[PDB]
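Inspection log for the structure reproduced underneath, given as structure tokens.
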Amino acid sequence: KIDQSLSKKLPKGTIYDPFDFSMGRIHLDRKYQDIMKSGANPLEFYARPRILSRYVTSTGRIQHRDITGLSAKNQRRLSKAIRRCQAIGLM
Amino acid sequence: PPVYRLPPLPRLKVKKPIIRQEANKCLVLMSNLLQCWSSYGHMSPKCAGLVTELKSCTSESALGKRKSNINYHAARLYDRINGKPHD
Amino acid sequence: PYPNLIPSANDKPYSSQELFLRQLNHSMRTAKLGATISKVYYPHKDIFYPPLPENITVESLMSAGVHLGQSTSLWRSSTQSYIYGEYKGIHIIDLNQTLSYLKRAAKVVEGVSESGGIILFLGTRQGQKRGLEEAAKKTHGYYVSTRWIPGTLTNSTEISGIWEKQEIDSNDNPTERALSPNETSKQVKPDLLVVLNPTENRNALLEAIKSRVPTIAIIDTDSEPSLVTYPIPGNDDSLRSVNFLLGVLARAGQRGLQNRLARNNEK
Amino acid sequence: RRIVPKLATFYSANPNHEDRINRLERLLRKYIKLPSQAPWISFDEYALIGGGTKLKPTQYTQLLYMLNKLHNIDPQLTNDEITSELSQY
Amino acid sequence: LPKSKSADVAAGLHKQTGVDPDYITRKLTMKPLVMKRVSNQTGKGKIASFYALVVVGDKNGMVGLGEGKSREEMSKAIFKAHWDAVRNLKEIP
Amino acid sequence: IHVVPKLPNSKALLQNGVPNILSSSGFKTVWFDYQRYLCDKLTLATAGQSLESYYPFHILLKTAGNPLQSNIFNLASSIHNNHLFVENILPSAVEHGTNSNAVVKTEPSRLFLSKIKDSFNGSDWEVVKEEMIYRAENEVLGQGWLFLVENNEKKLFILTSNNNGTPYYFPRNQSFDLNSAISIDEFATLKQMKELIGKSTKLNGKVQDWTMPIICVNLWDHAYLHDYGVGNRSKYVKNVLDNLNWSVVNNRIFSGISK
Amino acid sequence: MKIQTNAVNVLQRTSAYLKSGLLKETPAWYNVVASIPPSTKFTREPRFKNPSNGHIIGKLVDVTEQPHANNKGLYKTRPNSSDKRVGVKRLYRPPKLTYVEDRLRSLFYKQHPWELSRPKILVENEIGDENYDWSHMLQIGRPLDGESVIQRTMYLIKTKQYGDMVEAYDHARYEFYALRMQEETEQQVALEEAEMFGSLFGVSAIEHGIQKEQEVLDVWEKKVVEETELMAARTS
Amino acid sequence: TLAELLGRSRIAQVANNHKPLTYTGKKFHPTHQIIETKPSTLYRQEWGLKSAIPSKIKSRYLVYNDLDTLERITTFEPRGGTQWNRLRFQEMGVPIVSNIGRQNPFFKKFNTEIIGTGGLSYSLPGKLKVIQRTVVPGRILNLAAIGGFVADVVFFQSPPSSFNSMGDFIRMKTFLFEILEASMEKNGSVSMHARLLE
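Protein chains in written order, with PDB author numbering: chain x, 40 to 72, 81 to 138; chain Z, 5 to 70, 75 to 95; chain h, 128 to 394; chain o, 35 to 71, 81 to 132; chain k, 112 to 113, 119 to 209; chain AC, 8 to 266; chain AG, 1 to 236; chain g, 2 to 109, 195 to 215, 221 to 233, 244 to 299.
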């Protein structure tokens with residue numbers, strides 16, 4: 040029986056390679072490991096406190112554009128929608 | 005998205021490139037004594053099965069134990089990786 | 128040519144020290160006359176059997192890679208005159224010009240070589256150790272493969288007085304005569320310093336300018352077409368390219384060397 | 035007549051050493067197909092004929108490598124020219 | 112078996133640059149322009165030196181401004197400066 | 008691209024040809040068509056493939072494993088075999104003296120006399136000529152070639168080359184007719200070969216067998232069916248075996264020393 | 001750097017020394033660089049037409065050279081902003097070598113990704129002797145590739161054997177498939193036949209596929225020998 | 002013309018593609034075209050790229066995305082080796098239903199969707215190599246990677262001892278499988294079935 044961190048499990052669909060079957064490969068992968084992101088006025092969701100609940104550090108905190116990575120406009124409107132939702136009773 | 009070019013630098017060496025070496029293996033051994041001496045008292049009736057380890061850690065060398077090559081890699085692959093304009 | 132040979136004997140099974148000589152006879156002789164690959168470039172070519180200065184063509188250059196330039200991101204604007212356009216983020220060189228530039232370049236070498244010229248081909252990217260050595264082999268020129276000792280030309284009577292100098296005649300025949308201390312102790316200036324990787328050998332280019340010595344190089348889409356007497360638009364990177372261009376210059380030199388060693392025969 | 039340098043490597047850093055290496059390299063290319071199956084001159088000894096003060100450790104190691112490989116050519120297939128070139132060292 | 121200051125200045129460059137000795141010793145005039153005494157604050161004691169700009173040229177159509185520097189003698193730097201100038205001769209239109 | 012090699016004085020062959028062997032005709036359906044057809048077929052297979060920069064004879068050996076390349080390999084060998092075939096059937100008349108060569112052909116060369124003597128145990132080469140015909144007639148069911156073959160055992164033996172087998176690479180000589188059921192004893196050789204090669208290349212080395220071929224006689228339809236005929240398959244072999252320019256065969260045996 | 005002077009001006013420089021006395025004997029090369037004077041102009045010469053898409057670089061649509069209200073139903077009369085934004089740098093700017101054939105290349109390789117997987121002879125051999133009759137998707141020397149399909153669709157759009165680019169390419173697309181289909185059978189025939197005619201094989205595609213793979217397993221097995229175990233001590 | 006020359010350039014014969022050279026995403030179809038080099042060029046250190054490939058590379062097959070880049074290097078991974086997988090498909094000798102081939106065997195203005203075998207197959211579906224295929228050995232994932250193509254292992258009866266025999270080295274162990282068959286989902290993915298002979 041064996042630990043997870045040591046056994047790639049490529050799905051059958053893919054193309055397994057001799058190297059692919061190696062630990063090096065496992066490490067490699069790790070290293071290289081959204082309707083809002085799609086393009087919907089994030090502000091329009093000024094209420095729906097459900098959608099906004101997403102891009103939230105789960106501590107009433109929005110995220111720096113290192114995680115959210117949403118468009119400047121999308122993220123700022125998402126942030127505005129969250130702030131507006133705070134005003135709109137729900138969330 | 006990802007993108008962060010740097011400004012030219014004297015050299016892109018690395019500071020103390022941390023290779024990683026386990027903490028004085030003895031330091032862990034002595035620590036566990038005080039991690040089983042705080043409770044059970046000194047030379048715990050259990051620590052007998054512990055001091056057995058911190059013994060030779062000292063003995064000949066009270067301190068059982070009294075690098076990296078990236079700086080040249082950097083020195084050689086910076087005047088190439090840096091996207092400086094021509095000249 | 129096999130002094131250390133003991134032709135097995137009579138029953139002895141083919142000696143595996145000479146069995147190979149059978150394969151050698153199986154080569155130069157029978158070899159593979161039945162089917163012979165033709166119309167195919169070989170890295171072996173160029174460096175040895177190169178195009179005479181007049182035999183060059185745009186296609187020959189495009190094939191040898193004397194066109195692919197640096198990226199459309201590292202372009203010293205100083206060559207909007209030698210660039211032909213951008214492709215796949217690479218600035219393709221106007222080989223039409225490269226030809227004119229190579230034509231002239233070759234001319235200088237031949238003329239120089241026809242005048243006891245001291246050529247010194249310089250290249251430092253990896254691989255040119257032979258192409259260059261062989262290049263000077265033909266023109267009886269001189270070559271440098273490693274880094275260029277900064278100071279070779281200007282600070283000569285210090286960096287290069289340990290090495291000895293030979294008195295050569297018009298047929299390049301060592302005179303086999305004594306050269307006095309002071310006589311052999313001076314300056315042996317080159318009369319045509321060819322550079323093959325200008326991008327990173329300026330120390331030589333700048334020195335030669337201040338050494339009143341003509342230069343001939345292989346500018347790219349990055350090297351500055353100005354620090355050299357005869358710039359030759361080309362691709363500094365790949366070695367097939369350089370070896371093609373160097374080759375053309377080399378044979379241009381050889382022909383002159385030939386023509387020169389021929390006047391001597393008239394008398 | 036013309037006064038001219040003897041070695042084609044003249045202008046390089048350590049010209050004599052480079053010239054010495056070139057002959058060995060030529061030999062190796064010539065007899066590159068010949069199948070392969081100790082008392083070489085010292086660094087200081089090599090310097091006196093080679094570069095002298097301009098001789099570097101890396102250059103010496105390269106020279107040793109060149110000689111050793113040539114020597115390794117199966118004694119039965121070896122040439123007179125190769126042995127003459129190695130005689131020096 | 113083995119102006120006079122100039123004789124050497126030239127000989128050296130003859131053996132080095134290729135300029136003809138005779139021209140340097142008989143067809144040039146080195147006339148010093150600035151002969152000061154700069155100095156450096158080395159920790160091993162304030163060290164002095166002798167910067168010197170000695171213009172040498174053939175009063176026909178060739179001038180060269182050469183600088184120089186020594187810590188021993190001012191004239192020693194002038195010799196060096198004659199050198200840097202005979203080395204940097206340039207035709208004046 | 009590759010280039011069908013020009014035949015010595017093809018000038019005659021164009022309308023004349025090899026005395027006895029063939030007038031013009033023959034090579035018209037072989038060297039000047041068959042050879043080109045597959046020479047191009049290979050040149051077309053070589054397109055875009057390293058296998059080409061090197062002479063197809065080199066490729067013939069190269070294309071030994073990766074049987075998935077056999078298509079090219081079989082053709083490749085045929086290309087190589089044919090030229091060897093033409094060389095044996097090459098008139099290769101001597102030049103100079105202006106007057107047409109008096110064909111003082113050196114017959115079985117001195118060395119050849121002893122070579123066969125040991126090869127066939129104190130037997131005459133001419134004796135082998137028909138023995139050869141016997142072997143070929145009873146070692147082929149369709150296409151192939153005939154092949155005198157010198158071995159490291161200096162037994163200058165003859166191999167049952169078939170369709171387009173590798174006269175060198177023992178593992179691919181194409182001798183056993185897998186189509187015609189073989190006696191368990193040949194299977195023994197097969198078993199050996201399975202094992203023999205199984206370990207040879209096992210260290211990155213296809214059996215380094217210096218099984219150098221010597222005399223080639225195409226047994227493809229073009230060889231006999233083209234002109235001589237059907238039952239004349241053996242009869243065609245007859246005239247060919249009757250006379251073979253030895254100059255080439257003289258230089259097909261590691262007889263002397265060099266370097 | 002900056003257009004230097006003391007590089008292409010050596011003869012001028014030596015001449016002076018040669019006329020004065022700094023030099024006594026002319027540098028041999030002297031004559032050569034006289035016979036072949038050095039190109040000194042380093043002008044950023046301008047461009048006027050794109051070497052490829054045949055486009056023109058240097059024209060303005062004077063309004064009169066137009067009368068149909070734009071699709072945006074509107075007769076424009078006054079010149080527009082860009083239409084007055086001095087575009088001189090554009091002339092010097094090297095134009096893009098746009099080729100519709102390149103799109104077809106990518107299109108075919110996208111539709112046939114295995115063609116990309118197929119080894120291609122990118123190394124160009126003496127491109128000079130390559131006149132190729134492309135009415136057939138096969139040529140002596142040039143191997144089979146999606147590039148052939150592209151150079152093929154050209155006849156069908158140049159000669160006009162077919163109609164538009166899409167239809168043209170497909171006509172050859174099926175032409176390619178056939179050559180590939182026949183090749184596939186040919187490939188198997190060599191073996192099958194050779195397999196049934198005295199042929200032994202040291203290693204096959206399945207063999208490299210297993211040996212190299214099993215080799216890799218050597219490393220992984222040993223590796224987990226440290227990782228999994230080291231954690232037991234790392235946690236016990 | 003300069004362009005005409007480039008329009009036929011082998012460099013352009015290769016299309017552009019900036020797909021990552023790591024592609025951690027599940028892979029079914031290849032991402033780039035491998036560049037083959039004759040051993041000759043390899044010693045000459047010539048690969049036809051903007052910059053020469055470092056001698057460190059000893060392969061004759063590499064994949065390139067950027068002839069050259071700001072970093073003054075060519076972005077290439079010498080691990081281009083699909084040449085093996087596809088060939089192994091031939092080593093496996095099994096055809097793909099390819100839905101229904103109306104008229105044209107692959108049938109289909196632009197055939198972007200349902201491209202077809204995807205150059206994984208150009209042989210007549212039915213042939214007699221089928222003779223029960225050729226039980227190609229495969230590496231059981233638990244699914245079994247046969248010739249670089251995973252095929253779900255099937256058997257008359259579940260053999261736990263077989264899996265126990267290889268223990269955790271089930272993938273390390275290779276078992277011959279009479280491939281049932283394979284198929285190319287429109288996403289260019291091959292799904293196949295194995296025959297664990299245990």
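The C-beta atom is built at its ideal place from N, Cα and C for all residues, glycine as well.
Range covered by the alpha helix (DSSP H) that runs through residue i
i         : result
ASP87/Z   : 78-89
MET231/AG : 205-235
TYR141/h  : That residue, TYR141/h, is in no alpha helix (DSSP H); it is neither H nor E in DSSP.
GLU199/g  : No alpha helix (DSSP H) contains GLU199/g, which DSSP labels as neither H nor E.
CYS40/Z   : 29-41
Beta carbon proximity, residue i to chain h, threshold 8 Å
i        : result
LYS185/k : no
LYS96/AG : yes
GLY182/k : no
Residue-chain proximity (residue i, chain Z), Cβ-Cβ < 8 Å
i       : result
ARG73/g : yes
Spatial neighbours of residue i in its chain, beta-carbon cut-off 7 Å, leaving aside the 5 residues before and after
i        : result
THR133/k : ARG203
Nearest to residue i (by Cα), restricted to the options the options
i         : options                                  : result
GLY26/g   : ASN121/x, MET138/x, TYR55/x              : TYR55/x
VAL63/AG  : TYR169/AG, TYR75/AG, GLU184/AG, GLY54/AG : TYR75/AG
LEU155/AC : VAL256/AC, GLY24/AC, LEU210/AC, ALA71/AC : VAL256/AC
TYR209/h  : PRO46/AG, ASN53/AG, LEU60/AG             : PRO46/AG
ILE66/o   : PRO100/o, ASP123/o, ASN115/o             : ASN115/o
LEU206/g  : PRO21/g, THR38/g, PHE29/g, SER56/g       : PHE29/g
Neighbourhood of residue i by C-beta, 6 Å cutoff - its chain only, sequence neighbours within 5 removed
i        : result
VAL321/h : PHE248, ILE343
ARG382/h : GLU237
is_contact[residue i, chain k] using C-beta, thresh 8 Å
i        : result
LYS84/AG : no
Residue-level contact to chain AG via CB, residue i, 8 Å cutoff
i         : result
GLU186/h  : yes
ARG179/AC : yes
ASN17/g   : yes
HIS30/g   : yes
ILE280/g  : no
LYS160/k  : no
Start-to-end residues for the beta strand (DSSP E) that takes in residue i
i         : result
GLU294/h  : 292-295
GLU157/AC : 152-157
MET273/g  : Per DSSP, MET273/g belongs to no beta strand (DSSP E) and is neither H nor E.
Where residue i meets chain x, residues with beta-carbon distance less than 7 Å
i        : result
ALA246/g : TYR55
The ligand MN heavy atom lying under 7 Å from the CB of residue i
i         : result
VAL214/AC : The model on display carries no ligand, and the ligand MN is accordingly not part of it.
Within chain AC, partners of residue i - CB distance below 8 Å
i       : result
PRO40/g : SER57
Interface residues of chain AG facing residue i [CB-CB closer than 7 Å]
i        : result
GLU207/k : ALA16
Where residue i meets chain g, residues with beta-carbon distance less than 9 Å
i         : result
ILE210/AG : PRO228, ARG230, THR275
Chain-ordered neighbours of residue i on chain A, where CB pairs are closer than 9 Å
i        : result
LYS313/h : The displayed structure is made up of protein chains x, Z, h, o, k, AC, AG and g, and chain A is not among them.
Cross-chain neighbours of residue i in chain h, by beta carbon under 8 Å
i        : result
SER60/AC : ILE164, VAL167, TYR169
Minimum Cβ-Cβ distance from residue i to chain AC less than 8 Å
i         : result
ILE150/AG : no
Chain g contact for residue i (CB, 8 Å cutoff)
i       : result
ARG84/Z : no
Closer than 8 Å at the beta carbon, the chain AG residues around residue i
i        : result
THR50/AC : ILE140, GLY141
Cross-chain neighbours of residue i in chain g, by beta carbon under 8 Å
i         : result
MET137/AG : Going along chain g, no residue has its Cβ under 8 Å from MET137/AG, so there is no contact; the nearest lies around 14 Å.
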